[PDB]
Each structure stands twice: as C-alpha cells, then as structure tokens.
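Below is one structure, written out as structure tokens; the observations come after it.
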Amino acid sequence: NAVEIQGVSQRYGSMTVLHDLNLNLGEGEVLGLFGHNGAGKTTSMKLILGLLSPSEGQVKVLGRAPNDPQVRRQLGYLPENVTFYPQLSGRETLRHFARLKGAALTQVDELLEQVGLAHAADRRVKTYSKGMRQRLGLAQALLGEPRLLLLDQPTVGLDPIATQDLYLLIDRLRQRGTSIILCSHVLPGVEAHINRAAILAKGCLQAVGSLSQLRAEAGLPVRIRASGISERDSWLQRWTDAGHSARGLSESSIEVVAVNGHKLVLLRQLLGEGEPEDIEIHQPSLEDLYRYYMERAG
Amino acid sequence: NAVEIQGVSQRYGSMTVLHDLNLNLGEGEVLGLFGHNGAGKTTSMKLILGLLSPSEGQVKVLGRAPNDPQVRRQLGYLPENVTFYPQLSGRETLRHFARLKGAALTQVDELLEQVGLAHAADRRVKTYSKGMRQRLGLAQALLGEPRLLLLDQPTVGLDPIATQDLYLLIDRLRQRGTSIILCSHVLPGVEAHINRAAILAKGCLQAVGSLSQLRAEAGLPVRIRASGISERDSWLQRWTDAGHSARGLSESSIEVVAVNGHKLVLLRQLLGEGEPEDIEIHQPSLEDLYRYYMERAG
Amino acid sequence: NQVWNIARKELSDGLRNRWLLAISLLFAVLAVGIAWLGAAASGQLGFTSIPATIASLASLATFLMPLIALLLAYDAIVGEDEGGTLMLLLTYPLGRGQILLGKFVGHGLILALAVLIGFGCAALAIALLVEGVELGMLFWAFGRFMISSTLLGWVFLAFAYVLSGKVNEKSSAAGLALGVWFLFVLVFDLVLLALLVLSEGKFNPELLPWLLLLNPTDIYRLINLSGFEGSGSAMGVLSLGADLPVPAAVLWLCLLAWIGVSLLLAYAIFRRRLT
Amino acid sequence: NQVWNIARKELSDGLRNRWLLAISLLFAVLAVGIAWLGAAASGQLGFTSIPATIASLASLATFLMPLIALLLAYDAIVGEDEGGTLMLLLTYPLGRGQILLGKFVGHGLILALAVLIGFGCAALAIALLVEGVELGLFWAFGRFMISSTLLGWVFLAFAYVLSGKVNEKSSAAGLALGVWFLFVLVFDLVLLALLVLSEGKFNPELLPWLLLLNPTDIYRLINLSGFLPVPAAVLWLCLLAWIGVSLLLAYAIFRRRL
Ligand SMILES: Nc1ncnc2c1ncn2[C@@H]1O[C@H](COP(=O)(O)OP(=O)(O)OP(=O)(O)O)[C@@H](O)[C@H]1O
Ligand SMILES: Nc1ncnc2c1ncn2[C@@H]1O[C@H](COP(=O)(O)OP(=O)(O)OP(=O)(O)O)[C@@H](O)[C@H]1O
Ligand SMILES: [Mg+2]
Ligand SMILES: [Mg+2]
C-alpha cells in the first residue's frame, strides 16, 4: 500500500508518453521497473515524486496525495545524472541536505562513512568523480528515515563491489520494511534482490509481477553453451531431427537450446553420453526475459 | 603502437591521483580500464587527451604530442556524464559537432537513424532522456573515422538490447582496426569483446593483459550453482569429506566449488547420483578476476 | 521555517563567492569616492556636507543597486534548472513558494549585510576623518539611505525572481533583467516627463505627480532627496511630487507594496513554471 | 579559420534566445526616445538636430553598451565549464585559442547586428517621420555604428578576460561590475580629483593621452567632432589596440583555465 497508481496517462506537449499505466506496490515490496530507453521509466518516477501532475490519473503516494509535503518528509529519491552544487564541500553538501530534511547532525558523518566516501570528504563536489557523485546521491537517498525510497538508474558509475554493497543495502532496507522502486538497466545481478518486477514498452505497461510468474508465463527456453561434447556432429544430428533448434559452430561446438519447462529429465541425458571438454549452461535470465517481452511489443 | 602511456603520474594540488602508469596499446586493441570508484581511471582517460597535462613523463598518442590539433582530428571521445547544450535539438547538435569534427553532413542523418534517435530529432536535448542523451553522445563519437576511439563508461543509461548493440558496434569497429579504450564499469559481458583488460586500483596499474592471459596469471575456482536438487544434508556430507570446498548454502542446496581443474573428473560423480533438477556452471568470470585482483593486491 | 536553511546556503554562497567582497568593496568605493573624490566636479575637492553626499550618492545608488540586485538574482530559478539541482530540491518537503522566499531572503540578507559592511567602512571614514560634522544628522540620514537602498535592492531582487520564473535560459534571463533595469531608470522617467510636456499642456495636469510611485527608482530618489534635508530645492522630475504626494510614510508603504506584489507574482509564476 | 562554426553557434544562440529582440529593440526604444522625447525638458518635440540627438545618445551609450557587453560574455567561458560542456568541446581539434576567438566573433556579430538593426530603424524613423533636414545622418550615425560596435567589442573582450579566471558563474558577474564600475565611475572621478590635487603641475601635455587609457573616453571623443591633439585615426587605432591586448590577455588566461 505504498504507491497506488490509477491508470495514469501523461502527455508532454502533443506527444503522449504514458497511456493507462496502472501500477501498484506493497508497503514492503520492492518493484523493479524496466523498459526501453525512451519508454517512461524516469517520467513515471517523476510522476510518483509529484514533480508533474498526471493529466488523467490520481496517483496515491504513501497513501496520500503527492502535492502534500508530508509525503516528502519520509520519502527519498535518487535522480539520474545526479548533479550537485559544484563548489560545496561533500560533507557540507550532505549536511545542508540533512538540514533540509531535518535529519540529525549525528547521522551525516556516520552515513558518509557507511557509503564509502568519508575518506575523500571535505573536498568540493567538482573534484569528485562520476562515481563519488553517484555515491553522494546514494547518501542523499539514504539520508533520514526513508519510508519510501525511489532510485533512478542507480548503479550508474559504481564499482561491482559498490554495486553489490548497494544491493545488500536494498535487501536490508526491505527487511526493515521500507519500500523501494528501483529502475535499472543492468539486468544481471538484480534477480536476487528484486521481488516484484514490471516491464513497460512505449506507453502501455507490458506486464507486472514477481520473477516466478513472469518467468512461468513466458516459457522462455534455456540456452546451453558447449564446446566439444563428444564430436563435431555427433550431438547436432540427434537434435536437428528431434524438432529442436541447434546451430553447430565449425570449431567443434554445438549450441543447443532446451525449453527447461518440462524436459528437466532430459537434462540428465544432456550431459551423459560422452566426457565433455567445456560446458556452460545459462538458465533463462531476466535480461533474456526483457528481450522476449520487447520482441512481444513490436 | 598508437597510444603509449610511458612512465607518467599526475597530482592535483597536494594529492597524487595517478602513480606510475605504464599503458601500451595498439591498432584494433580493445583495452579496458577497470578499477575502484575513484582510482584514476577517468583522469587517465582524460590524460589520453589534451584536457590534462602530465605532471611527470609524457603520453605519446599516434606518435605525436596529444596537444596538437592533428592528433585530436583522428580521435573520438564519449565522456562519462555526457552533457549537451539543452536548448538546441539533437539534429542541430550532431550537425554542429560534425562541423567542428569534419563530416559529409550526410553521415549525420545516417548515424541519427542508425542509433535509433530518428523519431526523437527536432525534439531538443532538454526534453531528451538520460538514455537518448547517451545515445546521441555515442552517435557523435561515431562521426568520421574513429582511428582512436575513447568510449568512457558508455553503457550507462542504455537498454540491454541497446548495450548489446553497442558491444556489437565495438566488435565491428575492432574488425576495421580502430582502437577503443573502454572504461565501462558494467562488468558482465565486456570481457568477451575485451582484447586486453587492465584493472587499476587507487595505487597503480597492478593488472594488465588479456582476459585469457589474466585468467592464467591467477588460479580461480569454477562456480557451480544449484537450487533444491536432491537434499540439504546428503550433498553436504558427501562433498565436504571428499577433499573439496563445498559452500554449504542453507536453501536446500549445497553448491560445491571446485578447484577449476577437478571438475573434468567431477562431472562423472554429478551424472551418477546428482539428478539435474537445477545445475548452473559458470566459469570464473571477469567479476571473479576483478575481486581477486582488487582484494589481494589492494 | 525551512526558509532559514535555504537562506543559510545562500549566505554561504555569498562568502564562497567573491560577491560579498565585490559588492561591499565596490559599494564602499562608491560611498567614499563621492565624499572625498566627489564634489570635484565643481573644483572643491574634499568636503563631506551630509546633504550633498546623500543625494549624489543616492542617484549613483539608484543606478548601481538595481543592477547589482538583478545580477545576483536573475539566475536564482533558471540557474538551478540549468544546473540540474532544481529537480532534486523540489523532491524535498519544500514548497515551491517556500524555496522562492528562501532564495529571496538569502539574497536580500546578502545585499543588506553587504551595504551595511560597505557603508560601515564609509560611516567611520567620514566621522573619524572629517572636521566638525553634527553626527546625529549624519547618522539618521545614512540610516534612511541604508534602509532605502536595501529596500530597493529587495524590490529589484523580486523583479529578478519574476523574470527568472518567466524565462527558460540563463542568457535570456539576463537579457530580460537588463531590459527591466534600463526601463525603470532611463525610460520610466523620460516617457513620463515627455508625457507632461507635450501630451499634457492642459490635457490632465492633476495626474502626473502621483504616477511617480509606479517606478521604485523614482520613489527611492524622492525618499532620499526630500527627507528632513535642508535647502530642499528639487530640480526637474522630482519637483513635481517633491512638493506633495502627501507622504512621510506613504512612499515607504508603496515601496514595500511593490516588493509584496512582486513576491506574489514570483510565487504565481514559479508555481506554473514546469511544463 | 574554422572558428566560423562556433561563431554561427552563438549566432543561433542569440537568435533562439531573446537578446536580439531585447538588444536591438533596446536601442530602438531609446534612440527614438532620445530623438523625439529627449528634448522633453523644455518643449517635447522631435529631431531638433542630428548632432543634438547624437550627443545624448552617445552619453547613454557609454553607460549602457559596456554593461550589455559585460552581461553577454561573463558566462561565456565559466558558464560552459559549469555546464561541463566546455571540456568536451576542448576534446575536438580546435584548441584553446580558437574557442575563445570563435565565441568573441559570434558575440561581436551579435552586437554589431543589434546595433545595425536598431539604430538603422531609428535612422529610417528620423528620415521618414521628420522633415528632410539632412541626409548626408550617414557620417554621424554610421560613425556611431562603428564606434558603438568597437566599444561593445572591447568590453566583450574584457568580459572574456575576467571570465577565464573565475571558477563560478556567479562570481564572474561580481568581477564584471568591477570592470564596468572602474571605467564609468572610478576613472573619471579619480582623474578629475588627481587634476585638482595637482594645481597647475599635472603637466597638461599628458592629459589627453591619459584619456586614451579609458575606452569610454575614446568612444566619447569619437562622437564629438561635428563642426584636438589626438588624431582621429589614432583615436580609432587606440581602441583597436585595446581590443587586441584584451583578446591577447583573454587567450593567455584561457590557456591555463584548468
Ligand atoms: N580536478 C580535480 N581536482 C581534484 N581532484 C580531482 C579532480 N578530478 C578528479 N579528482 C579526484 O581524483 C580521483 C580520481 O578520479 P578518477 O579519474 O578515478 O574518476 P573516475 O575514474 O571517473 O572514477 P569512477 O570512474 O570510478 O567513477 C578522485 O578522488 C577524484 O575525485
Ligand atoms: N520535460 C519534458 N518535455 C517533453 N518530453 C519529455 C520531457 N521529459 C521527458 N520527456 C519525454 O519522455 C520520454 C523520455 O523520458 P523517459 O522517462 O522515457 O526516460 P527513461 O526511460 O528513464 O530514459 P532512460 O531509461 O534511458 O534514462 C521521451 O518521450 C521524452 O521526450
Ligand atoms: Mg531514465
Ligand atoms: Mg569515471
């Protein structure tokens, strides 16, 4: 019961950008928005913030209207291209932001240490790099007591260690009962830390739900990279006539695509004829799910 | 051959940002600058150009001083946080940059339709989104013949299909012998297109070479994953005592991590009693190499 | 309210920018130059007759101060939008009007502290180094001059906010600010005078004295010249209305009313700004 | 060279923005104001005589045109650096000098086109509205065009000089008034006081040359010859030298911006 969107349609000039986008989130649920580059990920987040007023739709933000600043009291947002005042000290910038949000001065230094920027604090934002500015934005997001935390493309600029640390932070905040709307373009690594997911192409919302239902309905086949299982053509002709797609690379490798829905028993036969030199089985990944659903819209 | 970083270091006023960097690349050599958030990757990337002057040593580019207009003529730069004049349309921006760069003025439209911004043209950069902005920056980067391209953090803000297309474009450019000093932090999937990868932390270029060469310089275990295959305890007791490092996860599965050499004879056991309800084989990828190098040497 | 936080960050910008030094140093150079280096137009090099300095200095101020206020404030709203920090700030629990008033109080305190500092070097500069001035008249005259100058600074600040809320880009904001600056000083006087001289030989004699209220630059000049200052003979423009717009608090109320209506206009425009 | 690309870039910026309709119309409203409403002090009426409306027009031009220049090229350099776009442009095969020269040429063509359109509209208004007093205006108003344009260029170059050193656009304006303040107020007042201090011993042979050291004084000498020790040609050459040294200093400061 965190955000309740009633079929919002938003128009920018004469160009519609959203049409009947009905979305919902639970109080403690984490929803991963994904979509095309020009779909509406950021604009939908901006509507959630209350920056723009939907022409056709009554959004409910934290069970209240988004115009009220009481919502923004316990709501945090991390903007993409998070640009900051370039002549304020990072410590000074974050202290000013806390003063705006009301958070205690004890929190600021501890939180700067928590993100991993205290070492390079006290130097102006201009000196920081694209990463440290992203980390300052992340520190802004975690500032205060955030009941509802809206992240926009948030791993942009961070390290794999920093990305996974943020992922654990998001999981912990889910444990604490906070609400997260995370939109990202690095689909790898977000399947574990995202409960519910939504995919939207153009304006219409393609689908919504947790990973399990979204995977099940698509029935997306599994991909198996292989290199020298038994021979160059031993494993090809046993599946070309078996009604299964299998393209045989010239370098003594066969790449078969199974369905992984009901033929789980056949997986035993898959690796049991001859000793294989190299096998690399990749299960149906949410990025492949994104590719499938984009192929559905168009 | 083309970019020779020999014996250089850079310091701001009182802080040494870059220490003893020696980087040598050649024609058609996809190099990568990987490192911790704030490790000097960008300051070195800028040092490739005339934006920064090397405090110590010299940075040969195309055999000439990088400050010569001639050197920049056969070069392309996609800067992280690409920022464009946000009042004139994308068509206007591409025409302008090509006019300073040197183009037929017909390559502009070809790139604009090629990058998928054809509909968005005329709309103006402010109304553009973070993605299309990054796509327009990439389209600018591909104006002319990019003898030496310098795409920095280029994958941020792009669709998975869009970043896949960008990687395919990197491959195509690598086919026609154009250098690319990649620096993207998105770790999964770059290594395939990376001819030579260089992980440099805050200290220095403590790692340089090809992914296969780096993988050799360091022994890395192979990754095996499962989710509820047979039982929780039987797998643990069977694999811990049989001279192996079995990571005993608590989700009704014992994901056993091999030495990366025993797996060739381990598969025979896996087919024996290990029914394949769920089996994932992932070779030690660039994530593992990055963690190894960063933690052990940093 | 949270208004003080935004005013605090604006004051911090004032110190981290050469603005506070620049505004106060140049404004004090203005003040000191008129007293010693000034009056050299007649050849009498140095004297500090309080009626003269607070009138010549008053005119040089009615030109300088609006321009300084406009330069400070034109990019308060448009500058944040171009910087990319405006969209972030609105996400905070701050009303659009609340941040507008915060920026207004911040810039106003910048210019008020600046004028106080600058004349504080001036006020001592006369008192200590002059020969036999009646300190009381000096004090109340420069007091009226300080408060009038800071009030004119505030009204032109508010004009800068309204134009900035109207505009889309920094350079166009500067152009409109320059237009608003030029209009009041050089055109609201000239067109109004021309109005009497030809449009009004006997067309409507009674209306011209009061209309000088519309322009804050004229109100400011009348307040600082008329005063309690002796030998109060007003030349052209002011003399019509120097004699009687019936005030001594009416001009002050009208100037504050201009600041008020302008702040309401800025709140109205800035509310509808986006899209 | 190829600075023309940057020049058309800010030409498009000026046309897309509201300067051209607020700088040319700025002169249009005042010039007709000074020519018909400028004798309103004792008798409102028009085109008293060409050299009359020229004197007041030049006097207000000194006050305002420098100020327009300082308000057109303070954000010119530092503004791009704040926007983060300057560095991407510095990646291109242009170099430090060509960027500054191109922006200067573009902004100078902005001011020149504004002067032409506005004072030309005023001149055609003088011709049509008023009697055929004289038309061979051309020498007076044309010299006004050239002199005002060169004054705008020299203060534009000063604005580039100050901008290339400031690191925050807001601070750039503070050092923009200073340059405007020094030439408008400080120079005349301080020079007059120094003459008063030196009663008869200032060596008046070197006062006209000290007047050269202020572009405003040069511009006011130029439009005061309707019918001096300093030749008119030298009176032009000195303003040209001011422009040259100002641009040289701006290029010198810009090279070490980062
Ligand atoms: N002009 C500057 N003055 C002072 N310090 C600077 C300046 N530019 C960068 N730095 C600092 O130098 C260090 C190295 O920056 P670096 O080049 O690693 O940025 P980066 O590579 O973009 O970081 P990342 O890519 O991980 O986001 C950082 O501490 C950064 O804040
Ligand atoms: N202020 C605006 N005026 C007009 N159109 C706008 C505006 N802001 C956004 N748009 C439109 O919204 C779309 C881009 O915003 P959107 O939310 O799709 O970005 P996004 O999907 O987050 O992009 P990315 O994920 O690549 O950062 C385009 O149709 C764009 O023209
Ligand atoms: Mg986005
Ligand atoms: Mg970087």
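Residues in the structure tokens are named by chain (A, B, ... in the order shown) and by number from 1 within that chain; ligands are numbered from 1 in the order shown.
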
Q) Given identical sequences, what C-alpha RMSD separates chain A from chain B after least-squares superposition over all Cα in order? A)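 Fitting chain A to chain B over paired C-alpha atoms yields 1.3 Å.
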
Q) When the cut-off is 12 Å and we count only C-alpha atoms, which residues of chain A are near chain D, given as a PyMOL selection string? A) chain A and resi 83-88+125-127

Just to be explicit: take each residue in the selection above, keep N, CA, C and O atoms, and write the result as a PDB file, in the first residue's frame.
```pdb
ATOM      1  N   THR A  83      23.384  15.711 -10.440  1.00  0.00           N
ATOM      2  CA  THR A  83      24.366  16.778 -10.398  1.00  0.00           C
ATOM      3  C   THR A  83      24.159  17.583  -9.125  1.00  0.00           C
ATOM      4  O   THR A  83      23.031  17.758  -8.656  1.00  0.00           O
ATOM      5  N   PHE A  84      25.260  18.071  -8.566  1.00  0.00           N
ATOM      6  CA  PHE A  84      25.246  18.757  -7.288  1.00  0.00           C
ATOM      7  C   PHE A  84      25.853  20.139  -7.466  1.00  0.00           C
ATOM      8  O   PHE A  84      26.454  20.449  -8.498  1.00  0.00           O
ATOM      9  N   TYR A  85      25.679  20.978  -6.455  1.00  0.00           N
ATOM     10  CA  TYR A  85      26.368  22.255  -6.450  1.00  0.00           C
ATOM     11  C   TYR A  85      27.873  22.002  -6.479  1.00  0.00           C
ATOM     12  O   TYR A  85      28.399  21.326  -5.586  1.00  0.00           O
ATOM     13  N   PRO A  86      28.592  22.520  -7.472  1.00  0.00           N
ATOM     14  CA  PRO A  86      29.983  22.107  -7.685  1.00  0.00           C
ATOM     15  C   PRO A  86      31.017  22.844  -6.852  1.00  0.00           C
ATOM     16  O   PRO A  86      32.209  22.558  -6.998  1.00  0.00           O
ATOM     17  N   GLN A  87      30.614  23.778  -5.991  1.00  0.00           N
ATOM     18  CA  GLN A  87      31.559  24.473  -5.127  1.00  0.00           C
ATOM     19  C   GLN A  87      31.207  24.322  -3.652  1.00  0.00           C
ATOM     20  O   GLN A  87      31.693  25.094  -2.821  1.00  0.00           O
ATOM     21  N   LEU A  88      30.375  23.346  -3.311  1.00  0.00           N
ATOM     22  CA  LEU A  88      30.107  22.998  -1.925  1.00  0.00           C
ATOM     23  C   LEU A  88      30.883  21.741  -1.559  1.00  0.00           C
ATOM     24  O   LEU A  88      31.056  20.836  -2.378  1.00  0.00           O
ATOM     25  N   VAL A 125      32.503  19.214  -4.540  1.00  0.00           N
ATOM     26  CA  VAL A 125      31.893  18.220  -5.419  1.00  0.00           C
ATOM     27  C   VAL A 125      32.535  18.234  -6.799  1.00  0.00           C
ATOM     28  O   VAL A 125      32.576  17.205  -7.484  1.00  0.00           O
ATOM     29  N   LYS A 126      33.160  19.343  -7.145  1.00  0.00           N
ATOM     30  CA  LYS A 126      33.679  19.424  -8.523  1.00  0.00           C
ATOM     31  C   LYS A 126      34.820  18.440  -8.603  1.00  0.00           C
ATOM     32  O   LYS A 126      34.981  17.802  -9.634  1.00  0.00           O
ATOM     33  N   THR A 127      35.557  18.329  -7.520  1.00  0.00           N
ATOM     34  CA  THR A 127      36.729  17.449  -7.596  1.00  0.00           C
ATOM     35  C   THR A 127      36.253  16.006  -7.700  1.00  0.00           C
ATOM     36  O   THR A 127      36.934  15.247  -8.382  1.00  0.00           O
TER      37      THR A 127
END
```

Per residue of chain A within 9 Å of chain B, record the nearest atom pair and its distance in Å to one decimal, counting only C-alpha atoms, with rows in chain order and ascending residue number, as a Markdown table.
```
| residue | atom | partner | partner_atom | distance |
| --- | --- | --- | --- | --- |
| A:34 | CA | B:159 | CA | 8.9 |
| A:35 | CA | B:159 | CA | 7.4 |
| A:36 | CA | B:159 | CA | 5.8 |
| A:37 | CA | B:131 | CA | 5.5 |
| A:38 | CA | B:129 | CA | 7.0 |
| A:42 | CA | B:129 | CA | 8.0 |
| A:80 | CA | B:130 | CA | 7.4 |
| A:81 | CA | B:81 | CA | 6.7 |
| A:128 | CA | B:38 | CA | 8.0 |
| A:129 | CA | B:38 | CA | 6.3 |
| A:130 | CA | B:81 | CA | 7.0 |
| A:131 | CA | B:37 | CA | 5.4 |
| A:132 | CA | B:37 | CA | 6.8 |
| A:153 | CA | B:157 | CA | 7.0 |
| A:155 | CA | B:156 | CA | 8.6 |
| A:156 | CA | B:156 | CA | 5.8 |
| A:157 | CA | B:185 | CA | 6.8 |
| A:158 | CA | B:37 | CA | 6.2 |
| A:159 | CA | B:37 | CA | 5.7 |
| A:160 | CA | B:187 | CA | 7.1 |
| A:161 | CA | B:291 | CA | 7.9 |
| A:162 | CA | B:37 | CA | 8.0 |
| A:184 | CA | B:157 | CA | 8.3 |
| A:185 | CA | B:159 | CA | 6.0 |
| A:186 | CA | B:160 | CA | 7.3 |
| A:187 | CA | B:160 | CA | 7.5 |
| A:188 | CA | B:188 | CA | 7.5 |
| A:264 | CA | B:277 | CA | 6.3 |
| A:265 | CA | B:276 | CA | 7.3 |
| A:266 | CA | B:276 | CA | 8.8 |
| A:267 | CA | B:276 | CA | 6.1 |
| A:268 | CA | B:276 | CA | 5.9 |
| A:269 | CA | B:271 | CA | 8.9 |
| A:271 | CA | B:271 | CA | 7.5 |
| A:272 | CA | B:271 | CA | 6.6 |
| A:275 | CA | B:264 | CA | 8.1 |
| A:276 | CA | B:264 | CA | 7.8 |
| A:277 | CA | B:264 | CA | 7.4 |
| A:278 | CA | B:264 | CA | 8.4 |
| A:279 | CA | B:281 | CA | 7.2 |
| A:280 | CA | B:281 | CA | 5.5 |
| A:281 | CA | B:281 | CA | 5.7 |
| A:282 | CA | B:280 | CA | 6.7 |
| A:283 | CA | B:280 | CA | 7.3 |
| A:287 | CA | B:160 | CA | 6.9 |
| A:290 | CA | B:160 | CA | 7.9 |
| A:291 | CA | B:161 | CA | 6.9 |
```

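Those residues of chain C that fall within 6 Å of chain D when using only C-alpha atoms read residues 17, 18, 19, 22, 37, 40, 172, 175, 194, 197 and 198 of chain C.
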
Go ahead and write the selection's residues with C-alpha atoms as a short mmCIF file (atom, residue, chain, number, x, y, z; two decimals), in the first residue's frame.
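The resulting part-v3.cif:
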```cif
data_model
loop_
_atom_site.label_atom_id
_atom_site.label_comp_id
_atom_site.auth_asym_id
_atom_site.auth_seq_id
_atom_site.Cartn_x
_atom_site.Cartn_y
_atom_site.Cartn_z
CA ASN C 17 31.79 33.71 -3.95
CA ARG C 18 33.72 36.94 -4.35
CA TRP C 19 30.24 38.51 -4.47
CA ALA C 22 32.90 42.50 -4.55
CA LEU C 37 36.95 62.31 -4.53
CA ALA C 40 35.45 67.67 -7.60
CA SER C 172 17.53 35.20 -21.94
CA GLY C 175 18.53 39.95 -21.31
CA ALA C 194 7.68 63.80 -22.04
CA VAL C 197 5.48 68.34 -21.56
CA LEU C 198 3.56 67.57 -24.69
#
```

Select all residues from chain C having any atom no more than 7 Å from an atom of chain A (counting only C-alpha atoms, ignoring ligands), output as an mmCIF file with N, CA, C and O atoms, in the first residue's frame.
```
data_model
loop_
_atom_site.group_PDB
_atom_site.id
_atom_site.type_symbol
_atom_site.label_atom_id
_atom_site.label_comp_id
_atom_site.auth_asym_id
_atom_site.auth_seq_id
_atom_site.Cartn_x
_atom_site.Cartn_y
_atom_site.Cartn_z
ATOM 1 N N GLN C 2 11.785 26.216 7.049
ATOM 2 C CA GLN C 2 12.963 25.617 6.377
ATOM 3 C C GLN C 2 13.529 26.721 5.509
ATOM 4 O O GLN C 2 14.600 26.531 4.924
ATOM 5 N N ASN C 5 17.055 27.616 6.257
ATOM 6 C CA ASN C 5 18.090 26.737 5.716
ATOM 7 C C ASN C 5 18.543 27.196 4.333
ATOM 8 O O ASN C 5 19.747 27.259 4.042
ATOM 9 N N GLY C 84 20.673 21.568 -12.992
ATOM 10 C CA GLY C 84 20.183 20.236 -12.722
ATOM 11 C C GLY C 84 19.920 19.940 -11.265
ATOM 12 O O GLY C 84 19.579 18.799 -10.933
ATOM 13 N N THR C 85 20.068 20.927 -10.386
ATOM 14 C CA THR C 85 19.801 20.757 -8.968
ATOM 15 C C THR C 85 18.410 21.219 -8.563
ATOM 16 O O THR C 85 18.021 21.019 -7.409
ATOM 17 N N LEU C 88 16.016 18.120 -8.088
ATOM 18 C CA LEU C 88 16.316 17.433 -6.838
ATOM 19 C C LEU C 88 15.695 18.159 -5.651
ATOM 20 O O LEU C 88 15.132 17.530 -4.748
ATOM 21 N N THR C 91 12.024 17.659 -4.782
ATOM 22 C CA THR C 91 11.694 16.365 -4.194
ATOM 23 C C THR C 91 11.649 16.447 -2.675
ATOM 24 O O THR C 91 10.922 15.685 -2.025
ATOM 25 N N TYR C 92 12.431 17.346 -2.089
ATOM 26 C CA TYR C 92 12.440 17.561 -0.648
ATOM 27 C C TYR C 92 11.088 18.108 -0.204
ATOM 28 O O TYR C 92 10.318 18.593 -1.041
ATOM 29 N N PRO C 93 10.755 18.060 1.094
ATOM 30 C CA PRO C 93 9.455 18.590 1.522
ATOM 31 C C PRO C 93 9.460 20.103 1.633
ATOM 32 O O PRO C 93 9.230 20.662 2.709
ATOM 33 N N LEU C 94 9.731 20.774 0.518
ATOM 34 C CA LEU C 94 9.780 22.226 0.459
ATOM 35 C C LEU C 94 8.780 22.721 -0.572
ATOM 36 O O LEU C 94 8.782 22.256 -1.717
#
```
